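Notes follow the structure.
Positions of Cβ are generated from backbone atoms using ideal geometry, with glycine treated the same way; all protein chains shown enter the neighbour counts. Only the coordinates and a few stated rules stand behind these numbers; no lab work does.
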2 protein chains.
Amino acid sequence: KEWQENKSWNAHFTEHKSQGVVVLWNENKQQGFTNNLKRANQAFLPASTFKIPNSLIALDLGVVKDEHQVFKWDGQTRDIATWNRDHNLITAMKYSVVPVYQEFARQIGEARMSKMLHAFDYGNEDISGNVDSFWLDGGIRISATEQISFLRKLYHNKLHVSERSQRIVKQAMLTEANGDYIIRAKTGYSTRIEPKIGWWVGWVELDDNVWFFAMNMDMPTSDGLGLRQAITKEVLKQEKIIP
Amino acid sequence: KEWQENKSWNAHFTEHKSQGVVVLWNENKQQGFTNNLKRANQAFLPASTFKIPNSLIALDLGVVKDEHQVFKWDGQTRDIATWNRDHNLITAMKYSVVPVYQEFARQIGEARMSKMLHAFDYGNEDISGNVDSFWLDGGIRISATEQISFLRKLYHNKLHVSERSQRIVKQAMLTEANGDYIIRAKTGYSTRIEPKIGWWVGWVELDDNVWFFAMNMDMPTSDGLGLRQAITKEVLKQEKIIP
Ligand SMILES: [Cl-]
């Protein structure tokens with residue numbers, strides 16, 4: 001649980017006229033690195049990163065049966081095109097399809113949702129809002145360092161849900177894989193309360209180690225959204241974690 | 001019809017100066033495609049493609065605890081540099097580490113191995129030869145279309161082992177992923193009995209379909225190994241399956 005601040009990464013942000021935080025955790029060595037200890041420990045709305053615990057709970061309670069169950073589009077056209085189609089758990093996570101996840105949350109219900117999040121130690125002690133809204137409207141907050149602590153539990157199958165639920169969600173988090181590395185992760189974009197931010201949280205699997213990461217950054221327009229991944233990958237490259 | 005022959009792809013073999021087959025299977029439409037209906041049905045030694053059933057059997061019997069268990073290098077240098085290190089199930093499949101897998105076969109034993117392959121309906125189901133080498137220089141043979149038949153059952157969690165064993169092995173088969181597709185697959189190089197061949201078998205996961213593949217090509221020399229993937233992706237691209 002030992003930490004180093006590297007202000008030198010601030011350059012990856014200033015390059016884009018942005019502000020933000022990257023937090024890395026070396027699993028083998030049990031050491032953390034961040035450009036900004038303060039912001040690393042500040043709590044923000046999780047927006048679509050909340051689909052990770054939402055997925056786990058829906059699977060564990062059998063709200064969702066498996067990763068192939070189809071959730072049919074409701075016929076209402078929303079302004080994100082990829083939402084306007086049938087989804088399973090994999091594609092719902094891939095395209096961050098809020099309406100699907102909102103239906104999951106309703107079936108979970110407020111009482112089980114609250115208890116499972118307490119079991120996960122996820123988020124602030126007193127959450128609030130409606131069950132299908134709280135994770136959007138500002139009823140729950142989490143810091144990049146707290147995202148890492150949660151992801152390390154999931155990695156290790158240590159959360160208070162079945163092993164099966166955790167394996168399925170880790171499959172759903174798969175984002176990139178090559179001969180050098182696998183990334184399992186989830187993006188977020190929080191717009192409903194200031195400051196508007198983007199998220200990318202997850203890990204990098206190597207042959208010999210795993211690097212957990214969580215980043216957030218100011219995101220006043222959707223124009224910068226690609227920086228969530230690019231800035232994280234710049235830091236991974238600089239740190240020789242990926243080529 | 002159910003099966004369609006597309007000699008068009010033969011051009012990918014000769015443009016890279018070799019010979020072989022590709023079999024594709026459309027899961028949604030239950031349709032098959034190959035450039036050589038004949039060689040598609042021809043049985044060869046599975047070589048390291050046998051790591052898929054071997055892994056499944058090892059996990060299900062508890063010979064292997066999970067994907068993190070470490071198999072320590074014995075300190076003897078072998079031909080392939082990447083073998084000369086510690087491995088877990090994920091790295092052992094990535095690097096095709098025969099020594100690890102032989103140790104599995106010995107602990108499984110001839111009687112359980114034979115029974116399991118009967119229940120998998122795997123190729124000629126014949127394990128005459130060394131229990132720790134039959135897939136390499138022994139009596140077992142399998143066709144590309146029998147590979148696909150087996151791989152379909154694995155995809156659907158319908159092999160006679162636990163769901164957990166199947167999900168772990170499908171994780172271990174992860175070869176490539178991006179915003180376009182996921183490939184789960186395993187390579188094979190058979191050199192001890194003629195004709196020498198290369199395999200690549202697995203599947204391509206898309207948003208709303210899965211394309212199983214099984215391919216084998218002549219490999220008189222280890223210089224063509226790279227072609228196993230290259231010819232398959234050439235075919236995949238031509239069929240508009242991957243960009
Ligand atoms: Cl996976």
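Quick check: the distance between the Cα centres of segment B:11-43 and segment B:87-105, to the nearest angstrom?
Comparing the Cα centres of segment B:11-43 and segment B:87-105, I get a distance of 28 Å.
Taking only C-alpha pairs under 8 Å that are 6+ residues apart, what is the relative contact order of segment A:125-243 in percent?
So the answer I get is 18 percent.
Would you please give the residues with an amide H less than 5 Å from that of A:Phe44, counting only those at least 5 places away or on a separate chain, with H modeled from the backbone geometry?
A:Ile142, A:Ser143
Rounded to the nearest 20 Debye, what is the dipole magnitude of the protein assembly as shown about its Cα centre when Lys and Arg each give +1 and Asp and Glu each give -1 at the C-beta?
80
What does the highest-first list of B:48-54, A:2-8 look like by mean Cβ count within 10 Å?
Ranked by mean Cβ neighbours within 10 Å, highest first: B:48-54, A:2-8.
Amide H neighbours of B:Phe71 under 5 Å, counting only residues 5+ apart in sequence or on other chains, H built in-plane at 1.01 Å?
For B:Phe71, whose amide H was placed from the backbone, the distant partners under 5 Å are B:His87, B:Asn88.
Would you mind computing Rg(Cα) / (2.2 N^0.38 Å) for the protein assembly as shown, counting N as its residues?
In units of the globular-protein estimate, the protein assembly as shown measures up at 1.04.
Show that you can apply the helix-only estimate: for chain A, add -39,500 (n - 2.57) for every DSSP H stretch of four or more residues, divide by all residues, and state [θ] at 222 nm to the nearest 500.
So the calculated ellipticity at 222 nm is -9500 deg cm²/dmol.
Find the Cα radius of gyration of segment A:2-243, compare it with 2.2 N^0.38 Å by division, and give the number to two decimals.
Expressed relative to 2.2 N^0.38 Å, the Cα Rg reads 0.97.
So what's the net charge close to B:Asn124: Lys and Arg +1, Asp and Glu -1, counting the other residues with Cβ under 12 Å from its Cβ?
-3
Enumerate the amide H contacts of A:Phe212 below 5 Å, restricted to partners 5 or more residues apart or on another chain; note that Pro and chain-start residues carry no placed amide H.
A:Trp25, A:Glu27, A:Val204
Provide an ascending nm list, one decimal, of label-point separations from A:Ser222 to the equivalent residue in each further copy; define each label point as 7 Å from Cα along Cα→Cβ.
Distances to the matching label points in the other copies: 5.2 nm.
Using θ = phi - 60° and the Karplus relation 6.51 cos²θ - 1.76 cosθ + 1.60, list the HN-Hα couplings for segment B:125-141 in order, rounded to whole Hz, with x at every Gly or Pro.
Each residue of segment B:125-141 in turn: 6, 9, 10, 4, x, 6, 4, 9, 7, 3, 5, 9, 9, x, x, 6, 9 Hz.
Please report the base-10 log of the normalised intensity I(q)/I(0) for segment B:43-104, using a Debye sum with one equal scatterer per alpha carbon and no solvent, at each q in 0.12, 0.16, 0.19, 0.24 (1/Å).
-0.28, -0.49, -0.68, -1.03
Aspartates and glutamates near A:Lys158 by alpha-carbon distance under 18 Å, same-chain residues fewer than 8 away left out - which ones?
Answer for A:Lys158, where 18 Å is the Cα cut-off: A:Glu27, A:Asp60, A:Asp121, A:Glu146, A:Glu205, B:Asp66, B:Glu67, listed by chain and number.
Give me the percent relative contact order of segment B:2-243, please, defined on Cα pairs under 8 angstrom at least 6 residues apart.
Rounded, it is 23 percent for segment B:2-243.
Would you mind listing the distances between the A:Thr14 label point and the same position in each other copy? Use 7 Å along Cα-to-C-beta, nm, one decimal, shortest first.
6.2
Which whole-Hz ³J(HN,Hα) couplings does segment A:194-209 yield from phi under the Karplus relation 6.51 cos²θ - 1.76 cosθ + 1.60, θ = phi - 60°, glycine and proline marked x?
6, x, 5, 9, x, 10, 8, 10, x, 8, 10, 8, 10, 3, 10, 5
Once phi is turned into ³J(HN,Hα) by the Karplus curve 6.51 cos²θ - 1.76 cosθ + 1.60 with θ = phi - 60°, what whole-Hz value does each residue of segment B:9-21 show in order, with x for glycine and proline?
Along segment B:9-21, the couplings run 6, 3, 5, 6, 5, 7, 4, 10, 6, 7, 8, x, 9 Hz.
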